[PDB]
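These notes concern the structure reproduced below.
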Number of protein chains: 2
Amino acid sequence: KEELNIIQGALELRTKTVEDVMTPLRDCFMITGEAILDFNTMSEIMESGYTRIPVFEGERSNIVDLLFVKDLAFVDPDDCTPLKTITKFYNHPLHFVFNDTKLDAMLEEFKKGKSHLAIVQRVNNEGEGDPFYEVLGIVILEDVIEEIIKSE
Amino acid sequence: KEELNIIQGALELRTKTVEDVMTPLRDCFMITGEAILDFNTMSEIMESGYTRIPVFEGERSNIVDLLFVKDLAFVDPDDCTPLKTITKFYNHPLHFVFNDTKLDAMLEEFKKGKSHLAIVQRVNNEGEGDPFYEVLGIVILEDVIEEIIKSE
């Protein structure tokens with residue numbers, strides 16, 4: 001029954017990590033900061049079905065901003081407005097989390113906050129020199145909910 | 001501990017009904033089928049944050065269609081397109097549900113499908129004539145998610 005799947009999903013929030021349920025970067029729907037909000041761009045955005053779109057610059061691992069489809073409400077597609085312009089105005093916060101972060105805590109961070117999206121990253125000491133932050137993908141609240149209510 | 005919050009929330013699925021967690025009609029965000037997708041109407045839709053919007057005709061309790069913001073992707077707001085044009089074309093299915101439906105059952109119906117929205121209605125034995133289905137409001141997947149994960 002569902003009750004069992006949920007409880008089991010709850011217990012596993014202790015062991016499991018954001019890396020276990022995240023959406024790997026290569027599968028993430030992203031957009032470039034050098035984008036122009038013409039009718040076409042905005043069409044491709046509203047068509048994706050996504051509410052939150054990560055904004056990258058140069059590489060996909062260089063997530064620099066967060067686009068909400070809600071931010072395109074007053075954008076006129078005939079102004080051919082740059083995305084930089086909007087992201088500068090709204091400037092929604094970016095939240096980063098580590099790959100080893102447990103799901104029970106991530107959920108807790110998600111609940112206190114309007115943030116339901118976080119960038120999963122890890123530490124790459126595998127240099128070649130200075131260790132740095134490597135982006136792995138993004139995790140959203142729906143990702144942990146699913147690991148709770150799914151059957152297993 | 002969220003673990004216990006989730007577990008207890010899961011225990012309450014067998015007792016509580018869709019009527020207990022639904023969004024009552026008076027608080028639902030809707031739109032008339034007589035609408036026109038001019039720039040203003042689009043903005044209002046795109047600003048609510050709602051990804052799914054019920055369509056009513058004449059009376060709010062008379063829900064006849066379902067609008068997805070995905071359906072607005074290729075609409076040019078300068079064309080001033082009837083909402084009927086889009087609802088007729090896409091023709092997204094409507095799902096109804098009874099108020100006495102337990103949540104564990106409602107959760108089950110949401111998983112086995114794409115529909116995460118359902119119109120709650122009850123049986124009106126209070127005629128004045130033949131009985132009928134009376135619309136109470138809408139319930140979505142997130143409504144039962146909240147019930148499970150909310151703090152108590």
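Just remember, in the structure tokens the first chain shown is A, the second B, etc., residues are 1-based per chain, and ligands are 1-based in the order shown.
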Write out as a count of residues only which residues come within 12 Å of residue 144 of chain B when counting only C-alpha atoms, dropping same-chain ones fewer than 4 positions away. 33
Tell me, counting only C-alpha atoms, for each residue of chain B within 7 Å of chain A, which pair of atoms is nearest and how far apart they are in Å to one decimal, in rows ordered by chain and increasing number, as a Markdown table.
| residue | atom | partner | partner_atom | distance |
| --- | --- | --- | --- | --- |
| B:3 | CA | A:10 | CA | 5.5 |
| B:6 | CA | A:10 | CA | 6.6 |
| B:7 | CA | A:7 | CA | 5.5 |
| B:10 | CA | A:3 | CA | 5.5 |
| B:11 | CA | A:3 | CA | 6.7 |
| B:43 | CA | A:73 | CA | 4.5 |
| B:46 | CA | A:73 | CA | 5.0 |
| B:47 | CA | A:70 | CA | 5.2 |
| B:49 | CA | A:70 | CA | 6.0 |
| B:69 | CA | A:46 | CA | 6.9 |
| B:70 | CA | A:47 | CA | 5.1 |
| B:73 | CA | A:43 | CA | 4.6 |
| B:74 | CA | A:43 | CA | 5.8 |
| B:104 | CA | A:2 | CA | 6.4 |
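Counting from atom CA of residue 101 of chain A, the distance to atom CA of residue 138 of chain A is 12.7 Å.
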Which of chain B fall in alpha helix (DSSP H), as a PyMOL selection string: chain B and resi 2-11+18-21+39-47+83-90+103-111+141-149
Mind the document's chain letters and residue numbers, and return as an MDAnalysis selection string the residues of segment 43-145 of chain A that DSSP labels strand (DSSP E or B). chainID A and resid 52:57 59:68 81:82 96:98 102 117:124 132:140
Looking at A:29, A:53, A:38, A:126, which one is nearest to residue 92 of chain A, with distances taken over only C-alpha atoms? A:53
Tell me, as a PyMOL selection string, which residues lie within 6 Å of segment 118-124 of chain B, counting only C-alpha atoms; anything in the same chain fewer than 6 positions away does not count. chain B and resi 95-99+131-139
Same residues, N, CA, C and O atoms, saved as a PDB file, in the first residue's frame:
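Okay, this is what ended up in again30.pdb:
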ATOM      1  N   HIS B  95     -10.924  15.563 -15.279  1.00  0.00           N
ATOM      2  CA  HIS B  95     -11.071  14.470 -14.331  1.00  0.00           C
ATOM      3  C   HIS B  95     -11.880  14.938 -13.130  1.00  0.00           C
ATOM      4  O   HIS B  95     -11.591  15.981 -12.544  1.00  0.00           O
ATOM      5  N   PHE B  96     -12.909  14.174 -12.782  1.00  0.00           N
ATOM      6  CA  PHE B  96     -13.744  14.497 -11.634  1.00  0.00           C
ATOM      7  C   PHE B  96     -13.503  13.484 -10.530  1.00  0.00           C
ATOM      8  O   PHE B  96     -12.930  12.420 -10.769  1.00  0.00           O
ATOM      9  N   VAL B  97     -13.932  13.817  -9.319  1.00  0.00           N
ATOM     10  CA  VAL B  97     -13.696  12.957  -8.167  1.00  0.00           C
ATOM     11  C   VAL B  97     -14.711  13.291  -7.081  1.00  0.00           C
ATOM     12  O   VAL B  97     -15.192  14.422  -7.001  1.00  0.00           O
ATOM     13  N   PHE B  98     -15.054  12.307  -6.259  1.00  0.00           N
ATOM     14  CA  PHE B  98     -16.031  12.533  -5.203  1.00  0.00           C
ATOM     15  C   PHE B  98     -15.357  12.999  -3.919  1.00  0.00           C
ATOM     16  O   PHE B  98     -14.225  12.617  -3.633  1.00  0.00           O
ATOM     17  N   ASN B  99     -16.058  13.837  -3.160  1.00  0.00           N
ATOM     18  CA  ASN B  99     -15.514  14.438  -1.946  1.00  0.00           C
ATOM     19  C   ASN B  99     -15.164  13.418  -0.868  1.00  0.00           C
ATOM     20  O   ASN B  99     -14.261  13.644  -0.065  1.00  0.00           O
ATOM     21  N   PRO B 131     -31.585  14.313  -8.295  1.00  0.00           N
ATOM     22  CA  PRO B 131     -30.310  14.646  -7.653  1.00  0.00           C
ATOM     23  C   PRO B 131     -29.256  14.963  -8.703  1.00  0.00           C
ATOM     24  O   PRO B 131     -29.458  14.657  -9.879  1.00  0.00           O
ATOM     25  N   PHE B 132     -28.148  15.567  -8.288  1.00  0.00           N
ATOM     26  CA  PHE B 132     -27.110  15.960  -9.236  1.00  0.00           C
ATOM     27  C   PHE B 132     -25.732  16.064  -8.596  1.00  0.00           C
ATOM     28  O   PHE B 132     -25.594  16.022  -7.372  1.00  0.00           O
ATOM     29  N   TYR B 133     -24.711  16.199  -9.437  1.00  0.00           N
ATOM     30  CA  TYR B 133     -23.347  16.383  -8.964  1.00  0.00           C
ATOM     31  C   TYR B 133     -23.068  17.864  -8.728  1.00  0.00           C
ATOM     32  O   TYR B 133     -23.211  18.684  -9.634  1.00  0.00           O
ATOM     33  N   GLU B 134     -22.675  18.198  -7.503  1.00  0.00           N
ATOM     34  CA  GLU B 134     -22.427  19.584  -7.118  1.00  0.00           C
ATOM     35  C   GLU B 134     -20.933  19.840  -6.937  1.00  0.00           C
ATOM     36  O   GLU B 134     -20.284  19.195  -6.115  1.00  0.00           O
ATOM     37  N   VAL B 135     -20.397  20.792  -7.698  1.00  0.00           N
ATOM     38  CA  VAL B 135     -18.961  21.079  -7.686  1.00  0.00           C
ATOM     39  C   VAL B 135     -18.519  21.840  -6.432  1.00  0.00           C
ATOM     40  O   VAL B 135     -19.103  22.862  -6.073  1.00  0.00           O
ATOM     41  N   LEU B 136     -17.478  21.333  -5.776  1.00  0.00           N
ATOM     42  CA  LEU B 136     -17.006  21.896  -4.515  1.00  0.00           C
ATOM     43  C   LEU B 136     -15.693  22.665  -4.681  1.00  0.00           C
ATOM     44  O   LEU B 136     -15.454  23.663  -3.997  1.00  0.00           O
ATOM     45  N   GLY B 137     -14.850  22.196  -5.594  1.00  0.00           N
ATOM     46  CA  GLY B 137     -13.563  22.823  -5.841  1.00  0.00           C
ATOM     47  C   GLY B 137     -12.629  21.879  -6.573  1.00  0.00           C
ATOM     48  O   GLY B 137     -13.069  20.856  -7.099  1.00  0.00           O
ATOM     49  N   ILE B 138     -11.342  22.215  -6.616  1.00  0.00           N
ATOM     50  CA  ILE B 138     -10.364  21.336  -7.257  1.00  0.00           C
ATOM     51  C   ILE B 138      -9.297  20.851  -6.271  1.00  0.00           C
ATOM     52  O   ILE B 138      -8.932  21.565  -5.333  1.00  0.00           O
ATOM     53  N   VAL B 139      -8.829  19.622  -6.475  1.00  0.00           N
ATOM     54  CA  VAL B 139      -7.723  19.071  -5.695  1.00  0.00           C
ATOM     55  C   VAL B 139      -6.596  18.667  -6.641  1.00  0.00           C
ATOM     56  O   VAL B 139      -6.840  18.135  -7.727  1.00  0.00           O
TER      57      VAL B 139
END
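The spacing separating atom CA of residue 143 of chain A from atom CA of residue 57 of chain A amounts to 25.2 Å.
In this comparison, which uses only C-alpha atoms, the residue of B:63, B:55, B:36, B:31 approaching residue 85 of chain B most closely is B:36.
The space between atom CA of residue 35 of chain B and atom CA of residue 65 of chain B spans 12.5 Å.
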